[PDB]
Amino acid sequence: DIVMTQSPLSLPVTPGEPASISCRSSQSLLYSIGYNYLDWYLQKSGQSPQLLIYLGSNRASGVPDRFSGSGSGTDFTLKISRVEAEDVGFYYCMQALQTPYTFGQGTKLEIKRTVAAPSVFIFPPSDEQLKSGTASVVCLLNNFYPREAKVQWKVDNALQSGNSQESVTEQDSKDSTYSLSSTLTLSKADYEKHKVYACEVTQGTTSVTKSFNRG
Amino acid sequence: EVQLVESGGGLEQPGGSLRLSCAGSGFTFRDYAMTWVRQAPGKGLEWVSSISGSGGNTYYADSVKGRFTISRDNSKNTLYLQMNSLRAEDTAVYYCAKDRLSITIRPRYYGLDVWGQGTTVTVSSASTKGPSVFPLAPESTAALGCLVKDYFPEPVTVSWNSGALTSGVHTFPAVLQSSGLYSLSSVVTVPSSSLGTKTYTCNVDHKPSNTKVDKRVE
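X-ray crystallography is the method the PDB entry lists for this structure, together with a resolution of 1.6200 Å.

K.L.:
I keep staring at the overall build of chain B and nothing clicks. Help me out?
P.N.:
Each helix and strand counted, chain B has zero helices and 18 strands in total. The dimensions of chain B, computed from C-alpha atoms along their principal axes, are 65 × 40 × 30 Å.

K.L.:
Got a minute to help me understand the pairing of strand 12 (residues 141-151) of chain B in this structure?
P.N.:
In summary, the side chains of a regular strand alternate between the two faces of the sheet. Residues and elements named next belong to chain B. With nine of eleven residues buried, strand 12 is to be regarded as a mostly interior element. As defined by bridge partners, strand 11 (residues 132-136) adjoins strand 12 across five bridges and the pair is classed as antiparallel. Of the residues in strand 12, the one forming a bridge with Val-133 is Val-148. Pairing of strand 12 with strand 16 (residues 182-191) involves ten bridges; the strand directions are antiparallel. Along strand 16, the bridge assignment pairs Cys-146 with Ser-186.

K.L.:
How should I be thinking about the interface of chain A and chain B in this particular structure?
P.N.:
Interface extent is often summarised as the accessible area lost during association of the parts. In this complex, chain A contributes 38 residues to the contact, which on the side of chain B involves 42 residues. Of the roughly 3,300 Å² buried between chain A and chain B, counting both surfaces, carbon and sulfur atoms make up 63%. Three residues stand out in chain A for area buried against chain B, namely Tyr-101, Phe-103 and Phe-123 of chain A, and they jointly supply 18% of the buried area on that side. On inspection of chain A and its partner chain B, the count reaches one salt bridge. The tally of links between chain A and chain B comes to 15 residue pairs in polar contact. Mapped by element, the contributors of at least two residues to the side of chain A that touches chain B are strand 6 (38-43), strand 7 (50-54), strand 11 (89-95), strand 14 (119-123), helix 1 (127-130), strand 15 (134-144), strand 18 (164-168) and strand 19 (178-187) of chain A. It is strand 15 of chain A that provides the largest number of residues to the side of chain A that touches chain B, a total of six residues. A per-class count over the side of chain A that touches chain B returns 18 nonpolar, 16 polar and four charged.

K.L.:
Sorry if this is basic, but what is going on with unusual backbone geometry here?
P.N.:
Most peptide bonds adopt trans geometry, and most residues besides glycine take a negative phi value. All names here are of chain B. Of note, the amide linkage connecting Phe-152 to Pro-153 takes the cis form, showing an omega dihedral of -5°. Examined against the element boundaries, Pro-153 turns out to sit in the loop between strand 12 and strand 13 (157-160). Here the residue pair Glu-154 and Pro-155 is connected by a cis peptide bond, since its omega of 5° sits within 30 degrees of zero. Within the secondary structure, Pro-155 is located in the loop between strand 12 and strand 13. Unusually for a residue other than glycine, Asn-210 sits at a positive phi of about 55°. Along the chain, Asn-210 turns up in the loop between strand 17 (201-206) and strand 18 (211-216). Given the relative accessible area of 73%, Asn-210 is considered exposed.

K.L.:
Whenever I open this one, the nonpolar core confuses me. Can you help?
P.N.:
A general tendency of soluble globular proteins is for nonpolar side chains to be buried together. By size, the foremost hydrophobic cluster in this structure holds 70 residues, and its most contacted members are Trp-40 of chain A together with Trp-36 and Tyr-94 of chain B. With six residues, the top contributor of residues to this core is strand 9 (residues 92-101) of chain B. By size, the runner-up hydrophobic cluster in this structure holds 24 residues, among which are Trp-153, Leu-186, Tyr-197 and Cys-199 of chain A.

K.L.:
Help me understand the domain arrangement of chain A, please; the structure alone is not making it clear to me.
P.N.:
All names here are of chain A. Domain parsing of chain A yields domain 1 (4-103) and domain 2 (119-213). A C-alpha centroid distance of 39 Å is found between domain 1 and domain 2. Contact with domain 1, which involves four residues of that partner, is made by five residues of domain 2. Among the residues making up the side of domain 1 that touches domain 2, the classes are represented as two nonpolar, one polar and one charged.

K.L.:
Got a minute to help me understand the pattern of salt bridges in this structure?
P.N.:
Evaluated as defined, the whole model comprises 15 salt bridges over all chains. Put simply, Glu-46 of chain B and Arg-38 of chain B hold a salt bridge, and the shortest N to O gap is 3.0 Å. A salt bridge links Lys-65 of chain B to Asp-62 of chain B; the shortest N-O distance between them is 2.7 Å. Judged by relative accessible area, which is 48%, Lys-65 of chain B ranks as partly exposed. What makes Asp-62 of chain B exposed here is its relative accessible area of 56%. The network of salt bridges with common partners includes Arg-66, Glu-84, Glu-86 and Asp-87 of chain A.

Scoring rules and cut-offs
- Residues numbered from 1 in each chain as written, not as in the entry; some residues may be left out.
- Chains lettered and ligands numbered in written order.
- Heavy atoms only, no water.
- Residues with missing side-chain atoms left out of burial classes, pairs and counts.
- Helix = DSSP H or I, 4+ residues; strand = E, 2+ residues; numbered from the N terminus.
- Buried < 20%, exposed > 50% of the residue type's maximum accessible area, 1.4 Å probe, protein only.
- Pairing = 2+ DSSP bridges.
- Contact = heavy atoms within 4.5 Å.
- Buried area = accessible area lost by both parts, 1.4 Å probe.
- Salt bridge = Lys/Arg side-chain N within 4 Å of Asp/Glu carboxyl O.
- Polar contact = N/O pair within 3.5 Å; in protein donor to acceptor, adjacent residues only side chain to side chain.
- Nonpolar A, V, L, I, M, F, W, Y, C, P; charged D, E, K, R; others polar.
- Core = buried A, V, L, I, M, F, W, Y, C linked by side-chain atoms within 4.5 Å.
- Domains from an automatic or database assignment.

Now the structure itself:
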């Protein structure tokens, strides 16, 4: 099977700057003069892949002028002349010379931007949920940059460990920010025992705390 | 426009079987090779199988040979994948894609030019479970959301106001809980002045359990 490899795997870029993603094949993809069987695909968060380039250099229907493919044989490059915020996503090369068709590992295009502090919101468990014997407390960090942020849960000022999970959106296509939600899971019994619920969000040496009183 | 619409994804036991379907419109289906590509959770793309326009030839990844069988019904413009002897490695989103023109003496390649929306296959020994949907109730900006808790398998989709509300929506990646069930939250930020006037409803779909719930967030 033809092995496809990409460089880099992560590509931080400032909007307006060029980007280059490279693909190497273990075998020549030149079927005959003018015909290299190499494609490029984009996959945005929560979307299906979409064709960008086929046969090395042909630009697919509706793909912006800004995208181009070049190369021959075993070496190929996808170029973006000027990166736009909405270009965030994974880029894959694929060979179509032989079955099995084989893909590169994927390159994540990341957009560089200025720092942004999150808007932080805390949500007590719903009355509906509390009927069931479980309590979920949710902390939302909205529209921040960079991705690195520490969330600490405090219950009656006791630091929680091991009872929270978080997940993060991919970069917003317009503003290049992240959002994050963290969920504290307590038994209803434990929830009803305590009063003060706090989510503390730290970037660098700055901490913002949002809290509610159960009572 | 050219569209591929997939169905048939869901949960099966290891060793079990499932059939996927991919219905095409907007092109002369019988003229084109058709292809299945999958993506395991948090992994890249992997080619699975292809079939020529006429069904003259079929092609498979080594790891699926024999166990998987590709087919097509040209009269129904539909591509199928029969997936037998299912293994953990088969857990993935499966995409169908339109492949080369195969009717011509020499096949003509246009890339994988059209892709389906995907269907999720989960191979696990557990049971299907539908979610509970809990409100996340309420600066000039307010945040509200819905917590979609305790479902299996993936995935859940969420929209707001039947798809009308698009700006400021954040639907988070599902988290696998220690219980082996998933939870997902979806939030939106809205003008606080609007909370009295306009309603906000999250539209949750979990196809595996035939759960389709709309929750008004007061």
